[PDB]
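J.: As input, take final-v1.txt (compact mmCIF, C-alpha atoms and all ligand atoms):
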```txt
# COMPACT_ATOMS: atom_id res chain seq x y z
CA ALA T 11 0.00 0.00 0.00
CA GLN T 12 1.54 3.34 -1.00
CA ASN T 13 1.96 6.16 1.63
CA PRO T 14 0.74 4.08 4.57
CA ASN T 15 1.56 6.80 7.11
CA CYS T 16 -0.70 9.22 5.14
CA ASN T 17 1.93 11.90 4.79
CA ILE T 18 1.29 14.98 2.71
CA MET T 19 3.13 14.50 -0.58
CA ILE T 20 4.68 17.21 -2.71
CA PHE T 21 4.82 16.88 -6.48
CA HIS T 22 7.00 18.60 -9.08
CA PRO T 23 5.46 17.75 -12.50
CA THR T 24 7.42 18.54 -15.59
CA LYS T 25 5.86 20.73 -18.28
CA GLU T 26 4.99 17.60 -20.20
CA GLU T 27 3.34 15.99 -17.19
CA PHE T 28 1.34 19.25 -16.62
CA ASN T 29 -0.65 18.86 -19.81
CA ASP T 30 -3.16 16.26 -18.82
CA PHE T 31 -4.80 17.18 -15.49
CA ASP T 32 -6.81 14.02 -14.93
CA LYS T 33 -3.84 11.81 -15.73
CA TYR T 34 -1.65 13.68 -13.20
CA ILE T 35 -4.30 13.36 -10.43
CA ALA T 36 -4.46 9.62 -11.14
CA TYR T 37 -0.63 9.49 -11.01
CA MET T 38 -0.54 11.20 -7.62
CA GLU T 39 -3.10 8.72 -6.32
CA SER T 40 -0.98 5.80 -7.67
CA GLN T 41 1.72 7.07 -5.35
CA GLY T 42 -0.69 7.21 -2.36
CA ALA T 43 -1.15 10.97 -2.23
CA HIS T 44 -4.84 10.77 -1.42
CA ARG T 45 -4.22 8.95 1.79
CA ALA T 46 -3.09 12.22 3.37
CA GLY T 47 -6.24 14.10 2.33
CA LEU T 48 -4.08 16.89 0.84
CA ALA T 49 -1.20 17.19 -1.66
CA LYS T 50 0.94 20.08 -2.85
CA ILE T 51 1.72 20.54 -6.57
CA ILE T 52 4.60 22.87 -7.56
CA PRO T 53 4.06 23.90 -11.22
CA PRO T 54 6.97 23.50 -13.68
CA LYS T 55 9.16 26.56 -13.93
CA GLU T 56 7.98 27.27 -17.48
CA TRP T 57 4.34 27.75 -16.34
CA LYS T 58 2.52 30.88 -15.29
CA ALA T 59 -1.09 31.50 -14.26
CA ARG T 60 -1.20 34.95 -15.80
CA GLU T 61 1.29 37.62 -16.86
CA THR T 62 0.87 40.01 -13.95
CA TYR T 63 -1.45 40.81 -11.04
CA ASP T 64 -0.87 44.51 -11.57
CA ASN T 65 -4.40 45.01 -12.42
CA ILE T 66 -6.64 43.32 -9.60
CA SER T 67 -7.51 46.10 -7.28
CA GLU T 68 -10.74 46.76 -9.13
CA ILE T 69 -12.30 43.45 -8.30
CA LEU T 70 -15.25 43.94 -5.87
CA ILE T 71 -15.70 42.06 -2.66
CA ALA T 72 -19.48 42.54 -2.42
CA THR T 73 -19.85 40.99 1.01
CA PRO T 74 -16.64 40.95 3.08
CA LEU T 75 -17.05 38.68 6.13
CA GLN T 76 -15.74 39.59 9.63
CA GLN T 77 -14.87 36.33 11.34
CA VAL T 78 -15.86 36.64 14.98
CA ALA T 79 -14.75 33.84 17.32
CA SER T 80 -16.27 32.34 20.47
CA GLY T 81 -14.76 29.73 22.78
CA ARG T 82 -11.22 29.09 23.92
CA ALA T 83 -7.98 29.49 21.95
CA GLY T 84 -7.77 25.92 20.83
CA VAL T 85 -11.52 25.14 20.49
CA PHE T 86 -13.71 27.81 19.03
CA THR T 87 -16.37 28.60 16.55
CA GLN T 88 -16.55 31.58 14.22
CA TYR T 89 -19.51 33.42 12.78
CA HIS T 90 -19.39 35.58 9.76
CA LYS T 91 -20.62 39.16 10.15
CA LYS T 92 -21.37 40.82 6.83
CA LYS T 93 -19.60 44.11 6.11
CA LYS T 94 -20.08 46.76 3.49
CA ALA T 95 -18.66 46.15 0.02
CA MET T 96 -15.14 47.06 -0.77
CA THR T 97 -12.71 46.75 -3.68
CA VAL T 98 -9.66 44.47 -3.59
CA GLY T 99 -7.55 47.67 -3.39
CA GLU T 100 -9.49 48.84 -0.38
CA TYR T 101 -9.27 45.36 1.24
CA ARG T 102 -5.49 45.12 0.63
CA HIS T 103 -4.99 48.46 2.34
CA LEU T 104 -7.12 47.28 5.27
CA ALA T 105 -5.13 44.01 5.53
CA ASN T 106 -1.87 46.03 5.63
CA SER T 107 -3.17 48.47 8.32
CA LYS T 108 -1.77 48.39 11.82
CA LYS T 109 -5.03 46.84 13.16
CA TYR T 110 -4.91 43.83 10.75
CA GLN T 111 -1.35 43.36 9.55
CA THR T 112 0.79 40.31 10.21
CA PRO T 113 2.88 40.83 13.38
CA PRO T 114 6.61 40.59 13.45
CA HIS T 115 7.67 36.98 13.56
CA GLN T 116 10.75 34.77 13.15
CA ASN T 117 9.48 32.09 10.77
CA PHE T 118 6.27 30.17 9.84
CA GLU T 119 6.40 28.19 13.08
CA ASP T 120 6.49 31.29 15.26
CA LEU T 121 3.59 32.71 13.27
CA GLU T 122 1.64 29.48 13.69
CA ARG T 123 2.18 29.73 17.47
CA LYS T 124 0.94 33.31 17.48
CA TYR T 125 -2.11 32.34 15.38
CA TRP T 126 -3.24 29.64 17.82
CA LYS T 127 -2.45 31.75 20.85
CA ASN T 128 -4.22 34.89 19.72
CA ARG T 129 -6.69 34.22 16.91
CA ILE T 130 -9.78 34.40 19.07
CA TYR T 131 -8.97 37.91 20.26
CA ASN T 132 -9.27 39.43 16.83
CA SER T 133 -11.91 39.51 14.07
CA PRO T 134 -10.16 39.51 10.66
CA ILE T 135 -12.15 40.25 7.48
CA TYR T 136 -12.23 37.57 4.69
CA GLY T 137 -13.38 38.02 1.05
CA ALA T 138 -14.65 34.61 0.35
CA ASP T 139 -16.43 32.71 -2.16
CA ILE T 140 -16.34 35.35 -4.94
CA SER T 141 -17.32 33.77 -8.32
CA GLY T 142 -14.57 34.45 -10.82
CA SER T 143 -11.08 33.55 -12.09
CA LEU T 144 -7.66 35.12 -12.33
CA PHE T 145 -6.22 32.55 -14.80
CA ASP T 146 -5.41 34.05 -18.18
CA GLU T 147 -7.60 32.49 -20.87
CA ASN T 148 -4.41 31.59 -22.68
CA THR T 149 -3.11 29.46 -19.82
CA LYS T 150 -3.94 26.01 -21.02
CA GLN T 151 -2.44 23.84 -18.23
CA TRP T 152 -4.13 23.64 -14.80
CA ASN T 153 -6.40 26.55 -15.52
CA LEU T 154 -9.07 26.17 -12.83
CA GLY T 155 -11.73 27.74 -15.01
CA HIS T 156 -11.18 25.17 -17.85
CA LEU T 157 -11.50 21.94 -15.93
CA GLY T 158 -13.81 19.07 -16.89
CA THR T 159 -17.10 19.60 -14.97
CA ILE T 160 -18.44 17.41 -12.19
CA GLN T 161 -21.66 17.08 -14.17
CA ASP T 162 -19.77 15.74 -17.12
CA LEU T 163 -17.87 13.29 -14.86
CA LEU T 164 -21.14 11.98 -13.43
CA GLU T 165 -22.51 11.69 -16.95
CA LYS T 166 -19.49 9.84 -18.23
CA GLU T 167 -19.33 7.42 -15.30
CA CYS T 168 -23.02 6.83 -14.65
CA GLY T 169 -24.82 7.82 -17.85
CA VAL T 170 -27.11 10.33 -16.29
CA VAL T 171 -27.54 13.78 -17.59
CA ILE T 172 -28.05 16.57 -15.07
CA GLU T 173 -28.39 20.35 -14.77
CA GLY T 174 -25.77 22.40 -12.97
CA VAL T 175 -22.57 24.20 -13.48
CA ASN T 176 -19.11 24.19 -11.79
CA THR T 177 -17.17 27.53 -11.67
CA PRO T 178 -14.19 28.79 -9.61
CA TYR T 179 -14.17 31.05 -6.63
CA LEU T 180 -11.72 33.73 -5.48
CA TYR T 181 -10.64 34.22 -1.85
CA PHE T 182 -9.00 37.34 -0.58
CA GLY T 183 -7.40 36.81 2.87
CA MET T 184 -5.55 38.68 5.55
CA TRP T 185 -3.69 37.72 8.72
CA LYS T 186 -5.75 35.33 10.85
CA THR T 187 -8.48 34.76 8.27
CA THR T 188 -9.57 31.23 8.94
CA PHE T 189 -11.11 28.28 7.17
CA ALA T 190 -12.94 25.99 9.57
CA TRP T 191 -12.70 22.17 9.65
CA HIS T 192 -14.66 20.71 6.68
CA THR T 193 -14.77 18.34 3.80
CA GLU T 194 -16.05 19.54 0.43
CA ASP T 195 -19.68 19.51 -0.63
CA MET T 196 -20.58 15.93 -1.47
CA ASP T 197 -17.02 14.99 -0.32
CA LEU T 198 -15.67 16.25 -3.68
CA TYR T 199 -12.04 17.04 -4.40
CA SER T 200 -10.88 20.64 -4.29
CA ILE T 201 -8.01 22.36 -5.98
CA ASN T 202 -6.66 25.67 -4.71
CA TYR T 203 -4.13 27.93 -6.35
CA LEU T 204 -2.48 30.70 -4.32
CA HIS T 205 -2.19 33.49 -6.91
CA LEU T 206 -0.36 36.04 -4.85
CA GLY T 207 0.63 37.31 -1.49
CA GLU T 208 1.33 35.73 1.83
CA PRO T 209 1.09 32.02 2.63
CA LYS T 210 -1.78 29.79 3.73
CA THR T 211 -1.23 27.11 6.43
CA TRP T 212 -3.31 23.93 6.07
CA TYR T 213 -4.18 21.17 8.51
CA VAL T 214 -5.64 17.88 7.23
CA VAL T 215 -6.97 14.56 8.57
CA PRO T 216 -6.43 11.44 6.41
CA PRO T 217 -9.75 10.34 4.85
CA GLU T 218 -9.44 6.94 6.46
CA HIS T 219 -9.56 8.67 9.84
CA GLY T 220 -12.15 11.31 9.23
CA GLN T 221 -14.68 9.74 11.59
CA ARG T 222 -12.14 10.23 14.47
CA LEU T 223 -12.28 13.91 13.85
CA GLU T 224 -16.07 13.87 13.69
CA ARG T 225 -16.29 12.07 17.04
CA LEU T 226 -14.00 14.61 18.68
CA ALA T 227 -15.97 17.44 17.20
CA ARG T 228 -19.20 16.01 18.67
CA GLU T 229 -17.50 15.91 22.09
CA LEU T 230 -16.10 19.44 21.80
CA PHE T 231 -19.16 21.09 20.39
CA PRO T 232 -21.95 19.18 22.12
CA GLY T 233 -24.88 21.63 21.52
CA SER T 234 -24.00 21.90 17.85
CA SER T 235 -23.87 18.13 17.56
CA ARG T 236 -27.39 17.82 19.03
CA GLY T 237 -28.62 20.43 16.54
CA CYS T 238 -27.28 18.62 13.49
CA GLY T 239 -25.82 15.18 12.74
CA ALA T 240 -23.38 16.78 10.22
CA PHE T 241 -22.64 20.10 11.78
CA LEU T 242 -19.14 20.28 10.37
CA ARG T 243 -20.97 21.07 7.10
CA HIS T 244 -21.70 24.45 8.68
CA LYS T 245 -18.04 25.30 8.37
CA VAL T 246 -17.72 27.12 11.71
CA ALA T 247 -15.67 24.93 14.05
CA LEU T 248 -11.95 25.18 14.80
CA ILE T 249 -9.79 22.77 16.76
CA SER T 250 -6.06 23.46 17.19
CA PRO T 251 -3.18 21.09 16.47
CA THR T 252 -2.42 20.95 20.17
CA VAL T 253 -5.98 19.81 20.94
CA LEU T 254 -5.89 17.30 18.08
CA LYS T 255 -2.60 15.83 19.46
CA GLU T 256 -4.06 15.67 23.00
CA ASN T 257 -6.96 13.63 21.67
CA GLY T 258 -4.90 11.34 19.43
CA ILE T 259 -6.39 12.56 16.14
CA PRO T 260 -4.15 11.81 13.20
CA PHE T 261 -3.34 14.93 11.13
CA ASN T 262 -0.68 16.69 9.11
CA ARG T 263 0.14 20.29 8.36
CA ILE T 264 1.77 22.16 5.49
CA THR T 265 2.19 25.77 4.35
CA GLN T 266 1.24 26.76 0.78
CA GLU T 267 3.08 29.65 -0.83
CA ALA T 268 2.20 31.83 -3.75
CA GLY T 269 2.49 29.98 -7.02
CA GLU T 270 1.61 26.60 -5.56
CA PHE T 271 -1.45 24.35 -5.91
CA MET T 272 -3.04 22.29 -3.22
CA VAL T 273 -5.44 19.40 -3.90
CA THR T 274 -7.81 18.14 -1.26
CA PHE T 275 -9.08 14.60 -1.72
CA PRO T 276 -12.54 13.17 -1.06
CA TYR T 277 -13.43 13.13 2.61
CA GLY T 278 -10.15 14.84 3.63
CA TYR T 279 -11.06 17.16 6.46
CA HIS T 280 -9.07 20.37 6.32
CA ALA T 281 -8.74 23.73 8.12
CA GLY T 282 -6.25 26.55 8.07
CA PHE T 283 -5.37 30.21 8.10
CA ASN T 284 -3.79 32.96 6.05
CA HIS T 285 -0.51 34.63 7.00
CA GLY T 286 -1.30 38.04 5.52
CA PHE T 287 -2.90 39.63 2.47
CA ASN T 288 -3.35 37.01 -0.25
CA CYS T 289 -5.56 35.86 -3.09
CA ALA T 290 -6.46 32.23 -3.84
CA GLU T 291 -8.68 30.58 -6.44
CA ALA T 292 -10.36 27.25 -5.83
CA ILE T 293 -12.88 24.92 -7.41
CA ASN T 294 -14.37 21.51 -6.72
CA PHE T 295 -13.78 18.61 -9.13
CA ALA T 296 -14.50 14.91 -9.42
CA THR T 297 -12.84 11.78 -10.72
CA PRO T 298 -14.19 8.26 -11.05
CA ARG T 299 -12.86 7.42 -7.62
CA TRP T 300 -15.00 10.17 -6.09
CA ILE T 301 -18.32 8.58 -7.00
CA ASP T 302 -18.30 6.14 -4.07
CA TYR T 303 -17.53 9.02 -1.69
CA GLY T 304 -20.33 11.07 -3.11
CA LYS T 305 -22.78 8.24 -2.49
CA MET T 306 -21.71 8.03 1.18
CA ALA T 307 -21.29 11.76 1.99
CA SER T 308 -23.06 13.02 5.04
CA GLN T 309 -25.46 15.71 4.72
CA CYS T 310 -26.71 18.66 6.80
CA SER T 311 -30.53 18.81 6.64
CA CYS T 312 -30.96 21.34 9.57
CA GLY T 313 -30.94 24.32 7.31
CA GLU T 314 -27.64 25.79 8.28
CA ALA T 315 -25.34 24.50 5.50
CA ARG T 316 -27.23 26.06 2.50
CA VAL T 317 -25.28 25.35 -0.73
CA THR T 318 -25.20 25.84 -4.47
CA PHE T 319 -27.79 25.03 -7.00
CA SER T 320 -25.64 22.25 -8.49
CA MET T 321 -25.59 20.11 -5.37
CA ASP T 322 -29.28 19.32 -5.87
CA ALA T 323 -28.62 16.92 -8.73
CA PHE T 324 -25.76 15.25 -6.91
CA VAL T 325 -28.01 14.44 -3.94
CA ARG T 326 -30.92 13.52 -6.15
CA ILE T 327 -28.96 10.99 -8.24
CA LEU T 328 -26.40 9.66 -5.75
CA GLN T 329 -28.49 9.80 -2.56
CA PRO T 330 -32.17 9.46 -3.53
CA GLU T 331 -33.19 8.17 -0.09
CA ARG T 332 -31.77 11.34 1.56
CA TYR T 333 -33.06 13.72 -1.13
CA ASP T 334 -36.42 14.70 0.31
CA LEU T 335 -35.00 15.50 3.79
CA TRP T 336 -31.95 17.35 2.45
CA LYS T 337 -34.09 19.48 0.08
CA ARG T 338 -36.36 20.49 3.01
CA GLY T 339 -33.14 21.82 4.63
CA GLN T 340 -32.48 23.78 1.45
CA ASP T 341 -36.07 25.23 1.54
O1 LIG B 1 -8.67 28.99 0.94
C1 LIG B 1 -9.66 28.88 1.71
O2 LIG B 1 -10.11 29.79 2.47
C2 LIG B 1 -10.46 27.64 1.86
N1 LIG B 1 -10.18 26.73 0.74
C3 LIG B 1 -10.57 25.46 0.77
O3 LIG B 1 -11.21 24.91 1.76
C4 LIG B 1 -10.29 24.59 -0.42
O4 LIG B 1 -9.64 25.03 -1.37
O5 LIG B 1 -10.86 23.51 -0.35
MG MG B 2 -9.17 45.12 -11.35
NI NI B 3 -12.12 23.17 1.28
ZN ZN B 4 -26.85 21.31 9.90
```
Please lay out the structure from this file as structure tokens.

T.:
Amino acid sequence: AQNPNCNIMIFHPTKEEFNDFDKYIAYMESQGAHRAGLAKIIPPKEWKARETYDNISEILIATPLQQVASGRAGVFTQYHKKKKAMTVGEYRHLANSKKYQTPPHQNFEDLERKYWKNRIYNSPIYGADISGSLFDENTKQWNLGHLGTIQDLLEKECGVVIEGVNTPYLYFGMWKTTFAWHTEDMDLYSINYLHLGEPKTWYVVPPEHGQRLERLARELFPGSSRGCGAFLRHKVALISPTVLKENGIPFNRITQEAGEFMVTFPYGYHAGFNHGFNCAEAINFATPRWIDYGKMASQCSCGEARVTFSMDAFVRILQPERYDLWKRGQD
């Protein structure tokens, strides 16, 4: 069995190997990369996402989200307070202000310590989930707006023809902006490219151990667990590495830098934080190996998780028994 310790693997494809996306994902899985839940892909030196970023300040963040925490430093939830619209140029200046800027630090490890010590005492502002792309249309390799669609994958594997679309999303971050512990909708893959700026630290639980994380989360967030049998779908709960280690939960960590891709694999729980002002692009995708995960994915029916249009068909075809309850939670 490849990668039996479920370590995060790092890949350096050549320009030739970067042509066929699906083939390279299947290659990484042949080497056991999926067992970690997360892999890093360093593009060949000849590749570029776009020529410059010199022109991005005019993008609008229609609904910036202030991430307000409650709990203790290592075990907390966050709620998203909506703020007035601002441009990327306005948000970058805010990120770089004395109130929000990255503190002085020695290295990534010192910064990680400061994040876990102090996150809860601040409320950073995140521009999340902004439909759009920063890949140049002429970038033909690993262009996250030109991937094969999940609908087409389900059609090719299963024969069924469904409505829905699959487009990328932009994320503008600042120091302490936080992504809570989650798997993807329908336990899909994700791919994330860090276009520019400061790093992103990731934490991940191997898919084969995801239920260990779920059981700890039920213990640590007991009211939330009574409210919903899949409350991690709400994407609000944080648990620190120290707390994970105290409770014996297997996990790994890695820091993504600008110019690097990360892939999350089906049912790989992940969480993390941004080091400073940055911009990422991410999208969900599927492969044939996903289908079995999609069929087994938990679902929130309490009303909190509310998701895209396109998830309807996935539930309806892969999980017809759950469909009626889940759709009530959508409506
Ligand atoms: O970058 C972020 O804030 C969160 N991204 C992801 O969870 C991902 O790409 O799957
Ligand atoms: Mg612009
Ligand atoms: Ni994710
Ligand atoms: Zn729920």

J.: Please provide the set of residues having any atom within 12 Å of residue T:319, restricted to all atoms listed in the file, with same-chain residues fewer than 5 positions apart removed, written as JSON, numbers by chain.

T.: {"T": [172, 173, 174, 175, 176, 177, 195, 324, 325, 326, 337, 340, 341]}

J.: Write the residues of the selection above to a file with C-alpha atoms, as a PDB file, in the coordinates of the input.

T.:
```
ATOM      1  CA  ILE T 172     -28.050  16.570 -15.070  1.00  0.00           C
ATOM      2  CA  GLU T 173     -28.390  20.350 -14.770  1.00  0.00           C
ATOM      3  CA  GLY T 174     -25.770  22.400 -12.970  1.00  0.00           C
ATOM      4  CA  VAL T 175     -22.570  24.200 -13.480  1.00  0.00           C
ATOM      5  CA  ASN T 176     -19.110  24.190 -11.790  1.00  0.00           C
ATOM      6  CA  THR T 177     -17.170  27.530 -11.670  1.00  0.00           C
ATOM      7  CA  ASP T 195     -19.680  19.510  -0.630  1.00  0.00           C
ATOM      8  CA  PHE T 324     -25.760  15.250  -6.910  1.00  0.00           C
ATOM      9  CA  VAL T 325     -28.010  14.440  -3.940  1.00  0.00           C
ATOM     10  CA  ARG T 326     -30.920  13.520  -6.150  1.00  0.00           C
ATOM     11  CA  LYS T 337     -34.090  19.480   0.080  1.00  0.00           C
ATOM     12  CA  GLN T 340     -32.480  23.780   1.450  1.00  0.00           C
ATOM     13  CA  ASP T 341     -36.070  25.230   1.540  1.00  0.00           C
TER      14      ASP T 341
END
```

J.: Residues at most 9 Å from ligand NI 3 (chain B), using all atoms listed in the file? Could they come as a PyMOL selection string?

T.: chain T and resi 189-195+199-202+274+278-281+292-294

J.: Skipping near chain neighbours, those fewer than 6 positions away, what residues fall within 12 Å of residue T:237 using only C-alpha atoms, listed as a list in words?

T.: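 So, after excluding close chain neighbours, the residues are residues 228, 231, 244, 310, 311, 312, 313 and 314 of chain T.
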
J.: For the residues selected in the previous step, produce a file with C-alpha atoms as a PDB file, in the frame of the given file.

T.:
```pdb
ATOM      1  CA  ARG T 228     -19.200  16.010  18.670  1.00  0.00           C
ATOM      2  CA  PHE T 231     -19.160  21.090  20.390  1.00  0.00           C
ATOM      3  CA  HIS T 244     -21.700  24.450   8.680  1.00  0.00           C
ATOM      4  CA  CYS T 310     -26.710  18.660   6.800  1.00  0.00           C
ATOM      5  CA  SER T 311     -30.530  18.810   6.640  1.00  0.00           C
ATOM      6  CA  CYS T 312     -30.960  21.340   9.570  1.00  0.00           C
ATOM      7  CA  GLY T 313     -30.940  24.320   7.310  1.00  0.00           C
ATOM      8  CA  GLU T 314     -27.640  25.790   8.280  1.00  0.00           C
TER       9      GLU T 314
END
```

J.: For ligand ZN 4 (chain B), which residue out of T:203, T:300, T:241, T:136 is the nearest one, using only C-alpha atoms and all ligand atoms?

T.: T:241

J.: Considering all atoms listed in the file, state which residue in the set T:144, T:17, T:129, T:38 is at the smallest distance from ligand MG 2 (chain B).

T.: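 Closest residue, counting all atoms listed in the file: T:144.
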
J.: Counting all atoms listed in the file, name the residues that have an atom within 9 Å of an atom of ligand MG 2 (chain B); the answer should be given as JSON, numbers by chain.

T.: {"T": [63, 64, 65, 66, 67, 68, 69, 70, 97, 98, 99]}

J.: Might you pull out every residue within 10 Å of residue T:282, with only C-alpha atoms counted and same-chain residues fewer than 5 positions away left off, and present them as a VMD selection string?

T.: chain T and resid 186 to 191 210 to 214 248 250 263 to 265

J.: Keeping N, CA, C and O atoms (and nothing else), can you write stretch 270-291 of chain T of this structure as a compact mmCIF listing (two decimals), in the first residue's frame?

T.:
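Below is the file part.txt, written as the result:
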```txt
# COMPACT_ATOMS: atom_id res chain seq x y z
N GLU T 270 1.74 28.01 -5.83
CA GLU T 270 1.61 26.60 -5.56
C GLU T 270 0.11 26.19 -5.57
O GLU T 270 -0.73 26.94 -5.04
N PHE T 271 -0.15 24.97 -6.00
CA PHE T 271 -1.45 24.35 -5.91
C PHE T 271 -1.52 23.42 -4.78
O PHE T 271 -0.54 22.68 -4.47
N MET T 272 -2.70 23.34 -4.13
CA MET T 272 -3.04 22.29 -3.22
C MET T 272 -4.24 21.53 -3.73
O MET T 272 -5.19 22.19 -4.25
N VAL T 273 -4.28 20.22 -3.59
CA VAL T 273 -5.44 19.40 -3.90
C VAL T 273 -5.93 18.78 -2.64
O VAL T 273 -5.13 18.16 -1.90
N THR T 274 -7.17 18.92 -2.28
CA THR T 274 -7.81 18.14 -1.26
C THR T 274 -8.57 16.99 -1.86
O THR T 274 -9.15 17.11 -2.96
N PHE T 275 -8.51 15.84 -1.21
CA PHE T 275 -9.08 14.60 -1.72
C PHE T 275 -10.40 14.27 -1.03
O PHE T 275 -10.65 14.79 0.07
N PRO T 276 -11.23 13.47 -1.66
CA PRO T 276 -12.54 13.17 -1.06
C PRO T 276 -12.47 12.77 0.39
O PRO T 276 -11.71 11.87 0.77
N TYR T 277 -13.29 13.39 1.22
CA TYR T 277 -13.43 13.13 2.61
C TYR T 277 -12.14 13.43 3.40
O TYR T 277 -11.94 12.96 4.53
N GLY T 278 -11.30 14.32 2.89
CA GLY T 278 -10.15 14.84 3.63
C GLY T 278 -10.52 16.11 4.33
O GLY T 278 -10.58 17.16 3.74
N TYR T 279 -10.74 15.98 5.62
CA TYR T 279 -11.06 17.16 6.46
C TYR T 279 -9.91 18.10 6.45
O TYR T 279 -8.75 17.64 6.69
N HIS T 280 -10.13 19.39 6.31
CA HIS T 280 -9.07 20.37 6.32
C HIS T 280 -9.54 21.67 6.97
O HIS T 280 -10.75 21.96 6.99
N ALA T 281 -8.57 22.46 7.46
CA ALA T 281 -8.74 23.73 8.12
C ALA T 281 -7.48 24.50 7.93
O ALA T 281 -6.44 23.92 7.57
N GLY T 282 -7.50 25.80 8.17
CA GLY T 282 -6.25 26.55 8.07
C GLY T 282 -6.45 28.01 8.24
O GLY T 282 -7.50 28.51 8.63
N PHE T 283 -5.37 28.73 7.92
CA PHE T 283 -5.37 30.21 8.10
C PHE T 283 -4.41 30.90 7.18
O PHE T 283 -3.42 30.30 6.70
N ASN T 284 -4.65 32.15 6.91
CA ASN T 284 -3.79 32.96 6.05
C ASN T 284 -2.81 33.78 6.89
O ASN T 284 -3.12 34.23 7.99
N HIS T 285 -1.63 33.97 6.32
CA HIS T 285 -0.51 34.63 7.00
C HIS T 285 -0.58 36.12 6.85
O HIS T 285 0.07 36.84 7.66
N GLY T 286 -1.28 36.67 5.90
CA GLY T 286 -1.30 38.04 5.52
C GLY T 286 -2.11 38.22 4.29
O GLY T 286 -2.75 37.25 3.81
N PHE T 287 -2.11 39.38 3.66
CA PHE T 287 -2.90 39.63 2.47
C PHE T 287 -2.52 38.63 1.42
O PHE T 287 -1.36 38.40 1.06
N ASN T 288 -3.56 37.97 0.86
CA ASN T 288 -3.35 37.01 -0.25
C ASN T 288 -4.63 36.86 -1.11
O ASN T 288 -5.71 37.36 -0.75
N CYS T 289 -4.48 36.15 -2.23
CA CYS T 289 -5.56 35.86 -3.09
C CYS T 289 -5.35 34.45 -3.58
O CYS T 289 -4.35 34.11 -4.17
N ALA T 290 -6.38 33.62 -3.38
CA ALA T 290 -6.46 32.23 -3.84
C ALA T 290 -7.62 32.03 -4.73
O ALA T 290 -8.66 32.73 -4.64
N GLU T 291 -7.57 31.01 -5.57
CA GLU T 291 -8.68 30.58 -6.44
C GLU T 291 -8.88 29.14 -6.20
O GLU T 291 -7.89 28.36 -6.15
```
